[PDB]
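Quick mapping for you: the protein sequence lines, in order, are chains F, 1, 8 and X.
Heads up: the first sequence begins at 35 in the deposited numbering, then just goes up one per residue.
The deposited numbering puts the second sequence at residues 244 to 273, 286 to 323.
Heads up: the third sequence begins at 56 in the deposited numbering, then just goes up one per residue.
Heads up: the fourth sequence begins at 47 in the deposited numbering, then just goes up one per residue.
Idealized CB from N, CA, C, for every residue including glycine.
For reference, the structure discussed in these notes is given below.
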Amino acid sequence: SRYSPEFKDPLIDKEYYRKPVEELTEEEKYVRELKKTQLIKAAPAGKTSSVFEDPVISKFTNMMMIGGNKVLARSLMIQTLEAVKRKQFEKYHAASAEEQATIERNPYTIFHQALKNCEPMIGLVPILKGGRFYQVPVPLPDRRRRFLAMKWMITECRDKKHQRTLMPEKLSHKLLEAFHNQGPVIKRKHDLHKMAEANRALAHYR
Amino acid sequence: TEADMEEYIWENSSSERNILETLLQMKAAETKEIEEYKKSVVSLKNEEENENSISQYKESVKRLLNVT
Amino acid sequence: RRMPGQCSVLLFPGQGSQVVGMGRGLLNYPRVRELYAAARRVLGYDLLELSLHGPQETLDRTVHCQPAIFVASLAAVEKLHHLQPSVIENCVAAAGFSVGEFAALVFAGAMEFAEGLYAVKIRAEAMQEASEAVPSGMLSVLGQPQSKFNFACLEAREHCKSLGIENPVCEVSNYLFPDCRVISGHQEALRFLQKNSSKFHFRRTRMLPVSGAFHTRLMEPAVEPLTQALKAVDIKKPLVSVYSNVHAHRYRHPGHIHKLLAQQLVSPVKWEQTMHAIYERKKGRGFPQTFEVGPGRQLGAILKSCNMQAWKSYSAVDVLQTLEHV
Amino acid sequence: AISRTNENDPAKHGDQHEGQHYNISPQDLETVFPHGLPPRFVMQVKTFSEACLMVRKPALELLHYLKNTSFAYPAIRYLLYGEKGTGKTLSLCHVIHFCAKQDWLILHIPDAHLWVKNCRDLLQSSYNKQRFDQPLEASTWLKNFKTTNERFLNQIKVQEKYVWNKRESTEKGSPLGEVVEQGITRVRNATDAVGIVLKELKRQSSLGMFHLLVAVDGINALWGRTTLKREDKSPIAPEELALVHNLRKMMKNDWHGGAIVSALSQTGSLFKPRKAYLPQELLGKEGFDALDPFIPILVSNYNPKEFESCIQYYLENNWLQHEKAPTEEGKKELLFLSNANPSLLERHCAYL
Ligand SMILES: Nc1ncnc2c1ncn2[C@@H]1O[C@H](COP(=O)(O)OP(=O)(O)OP(=O)(O)O)[C@@H](O)[C@H]1O
Ligand SMILES: Nc1nc2c(ncn2[C@@H]2O[C@H](COP(=O)(O)OP(=O)(O)O)[C@@H](O)[C@H]2O)c(=O)[nH]1
Ligand SMILES: [Mg+2]
């Protein structure tokens, strides 16, 4: 690494600094004073104090990226968001008066809820002890399941069975399916929760 | 060759022919203006084309064509 | 020396590329009417009328399609020479598929029109007789990474042995591009392969509209006739590098073309090997221009499957229409 | 609805309607604009279930020029120019909608760049063996021309016998619609049918039968270069295309009774840098000589009033779903990111 150990990661949170000194606790006052002495790394290209910034969508875009072509990944992400928005508007214009109150048109809300609906809380850990592999249930950390939902969504959208259907169109369809607890990603979560319930007797190996 | 030569001569030019034809047609339907028109044309043809030159040409053409 | 990019490689199509309207767009070009007149003189019927306006059923016949493709290929060569003299002047390699081989040699100055057309005629007639002798056919099979071709041919032969016939024939007849081959042999074996594609891991299967199993030992009776017709012909040294189909390498000495043109009749077509031998090179180095002189665009798709980068500089001569009336 | 104007009549818009959106009816949409609107504005029309155009200074000035136009003088050439995505196409659409409501005859070319690139059925004209026909591009335009000007096709009549082939000919005095039909039914004569129409419309308008508008978007294609090739892989010049050759005659001010309005476009242009937007740079010497004399009209980015009104329009259509968008900080961020460019603002708002 080209940064010395003294260098610390920057804090881009804009409203953190505007906090009144009166609200600051003694510990928070101390750490604010301490950061004065520390050296701070240059903020990386990426996160910004923008009010429209979304770390989850940024991570999804980075996970779609191939060969460092970030422009194309962000283009695909924004196209997916626009497609979801337009599909929801089309479904809203054609809905009954009482059905328009339960139709979400915010693409960010749909994206977050669809990813949350696919998060597995339990997983397996291959462990060979007696000469034969043994899959044991283990509770998944929050970061692990957040990553797994994204990875499953992207892998499902990268299947070759979808011939000539462009990535934004496939991803919008999968997101809207997972928003309603439907589709193959929700089934992949269910088949993991079931295959980890089928081996609850193997937890004693942990 | 005219390309090698560093001058667009407004005399005996397509701009002059077109404006002469247009004014003859206007008179049939019915100068300092032509001087400023040729100045703007020569500027746009020889110097750099900026929006100031474009606006000068616009004003000259409007005055010649009776557009307000 | 010349760099790759101003040189040119001419590819000649084979049987299965015939089409009604073939020949239109080439007639008004120089020297084509004389070639069709020579075709009439040698054959004994009006190839021109059949190629232009035909029922497509008389044209799909083996005795009629191959000479039509031959004459159309050479007419397209004449058209290309008229349009682009430099391309014909800067020619490095030539290759034909099954019958277009006879065209490439005639283009390379190893044969003249009359002898080549006579060879093609006798070849087509003998192949038609051989196909009539025993029921047979050709099946295009597109496999996946888990597909075993020799294995599947083995069970396809076991089926016919169980039914009971003398030495069932079912082997790969054409290597076109990766994981796609053309199997040839008795219709029972091909039906077995079609109905057991799922077990054999064949993504697609399509029976070819051909008379019989070409490029197999079943065509052996058609070897002795053609040989005699080739015996009289004096084959010269090709001026350009003409590639073979039996072993997919350049013809070296003219005295070996005589027997290779007969082995090609009863040997698999090594098209993928020929494409490698012509276009193989290191990454980054330039590729030559490619011109498909003849009907259809099948060789274009095959080259696309084989080499994308070589396919980037590929173009086809239009033998159905001409932009300008010369 | 501060961003909307109740005056949906383009003939009565003035400086007090600047920054306000006026509605185009579905009937006017399908009649006046089968092809004119930009591709990404049609998505907004389909999503909002309504077409609304902001009234801006370029369109107001070009409308004031067309209201005071003398129909005895030769037709005046108006050229809309500006940076990429500044709204010149929609200003031309506003002017076309104004002219249509006053029973003008509309000759609208939605994009002249399509005629000089990516043509798969290129033919050689039987009329003139040195030119090429584009039946697919000519027949597509003929149908929409028929749609826009269906009323006049029976009032307007030819003054010559046009011979499509030895069997078929259009006799003198037949309605112009027949000619259009012959171009729509048999594509082989589509390109020949377009030119005749132009030849008629330029002539009859001089007689005073009707007022003609020539609306050519992406006019810079006519005097540039083409990406179309012969069978010998040789380049083809724009003048060798009959469709392009006949449309140049309409840009010349050798006829009266109408106005010529055009808009430049680097989007889809051939052999032009991304940042070239000025008249000479995009037109070329030949194009400038052809159009000269002409009146250029500048189209710029949104001023603060227009930017605020556009964001209020999107908010009224509930098109900004992010919670921070309606706030003031989000408006500053959008203003900075787009720099008031209409196209960038629309694209950014599309996915928020
Ligand atoms: N008057 C307007 N009313 C509403 N939206 C507008 C207006 N002008 C511009 N826009 C917005 O800007 C987008 C781009 O406008 P337009 O297509 O007219 O640009 P242009 O300057 O002609 O572009 P280009 O240089 O690419 O040809 C439109 O789709 C619409 O989103
Ligand atoms: N098929 C056909 N097309 C015609 C006929 N007359 C004119 N046109 C077409 O309509 C266009 C009218 O343009 P025109 O005044 O004749 O200019 P020109 O081509 O130089 O002679 C021509 O370019 C032709 O393409 C005709 O009698 N038959
Ligand atoms: Mg435009």
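Asked: Reduced DSSP secondary structure (H/G/I, E/B, other) of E226 (chain 8); Found: strand
Asked: Listed by chain order, chain X residues near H380 (chain 8) by CB distance under 9 Å; Found: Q170 and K175
Asked: Option in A185 (chain 8), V142 (chain 8) and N145 (chain 8) with minimal Cα separation from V265 (chain 8); Found: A185 (chain 8)
Asked: Limits of the unbroken alpha helix (DSSP H) element including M193 (chain 8); Found: It is not in any alpha helix (DSSP H) - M193 (chain 8) instead sits in the beta strand (DSSP E) that spans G192 to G198.
Asked: Local Cβ density within 10 Å of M97 (chain F), reported as buried at 16 or more and exposed below that; Found: exposed
Asked: Reference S299 (chain 8), options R95 (chain 8), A150 (chain 8) and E112 (chain 8), closest by Cα; Found: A150 (chain 8)
Asked: Residue-level contact to chain X via CB, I252 (chain 1), 9 Å cutoff; Found: no
Asked: Simplified DSSP assignment, three categories, for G151 (chain 8); Found: strand
Asked: Separation of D115 (chain 8) from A268 (chain 8), as counted between CA atoms; Found: 15 Å
Asked: DSSP state of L99 (chain X) mapped onto helix, strand, coil; Found: strand
Asked: Spatial neighbours of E96 (chain X) in its chain, beta-carbon cut-off 7 Å, leaving aside the 5 residues before and after; Found: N69
Asked: Closest by C-alpha distance to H81 (chain X), when choosing among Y359 (chain X), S251 (chain X), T194 (chain X) and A386 (chain X); Found: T194 (chain X)
Asked: Proximity test, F87 (chain X) beta-carbon vs ligand 1 heavy atom, cut-off 8 Å; Found: yes
Asked: Any C-beta of chain 8 under 9 Å from that of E286 (chain X); Found: no
Asked: Enclosing beta strand (DSSP E) for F167 (chain F) [first to last residue]; Found: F167 to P173
Asked: Closer than 9 Å to chain X by CB, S370 (chain 8); Found: yes
Asked: Collapsed DSSP secondary structure at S295 (chain 1) in the structure displayed; Found: helix
Asked: Contacts that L398 (chain X) makes with chain F (C-beta to C-beta distance below 9 Å); Found: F86, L115, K119, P141 and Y142
Asked: The region 136–159 of chain 8: positions lying closer than 7 Å to chain X by Cβ; Found: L138 and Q139
Asked: Proximal residues, the region 305–325 of chain X versus chain 1, C-beta separation under 9 Å; Found: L324 and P325
Asked: Any non-hydrogen atom of ligand 3 closer than 8 Å to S153 (chain 8) Cβ; Found: no
Asked: beta-carbon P104 (chain X) near ligand 3 non-hydrogen atom, thresh 8 Å; Found: no
Asked: The region 222–229 of chain F in contact with the region 248–262 of chain 1 per 3-pair CB rule at 8 Å; Found: no
Asked: Per DSSP, the bridge partner or partners of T231 (chain X); Found: None; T231 (chain X) has no bridge partner.
Asked: Same chain, Cβ closer than 7 Å to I177 (chain 8), neighbours up to 5 away in sequence not counted; Found: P280, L281 and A284
Asked: Inter-residue CB distance, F125 (chain 8) and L172 (chain 8) (contact presumed, cutoff 8 Å); Found: 6 Å
Asked: In chain order, each beta strand (DSSP E) run of at least 3 residues that lies wholly inside the region 269–315 of chain 8; Found: 296–298
Asked: Interface residues of chain F facing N385 (chain X) [CB-CB closer than 8 Å]; Found: Neighbours of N385 (chain X) on chain F: none; closest Cβ ~16 Å, over 8 Å.
Asked: Opposing strand residues paired with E347 (chain 8) [DSSP bridges]; Found: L66 (chain 8) and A371 (chain 8)
Asked: Closer than 9 Å to chain 1 by CB, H59 (chain X); Found: no
Asked: Span separating the alpha-carbon of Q61 (chain 8) from that of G355 (chain 8); Found: 19 Å
Asked: Sheet register partners of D167 (chain X) (DSSP bridge); Found: Answer is none; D167 (chain X) lacks a bridge partner.
Asked: Other residues of its chain near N229 (chain 8): CB distance less than 7 Å, five sequence neighbours each side excluded; Found: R236, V237, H270, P323, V324 and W326
Asked: Alpha helix (DSSP H) runs contained entirely in the region 126–201 of chain F, provided each spans 4 or more residues; Found: 141–151 and 176–191
Asked: Ligand 2 heavy atom lying under 8 Å from the CB of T237 (chain X); Found: yes
Asked: beta-carbon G264 (chain X) near ligand 1 non-hydrogen atom, thresh 8 Å; Found: yes
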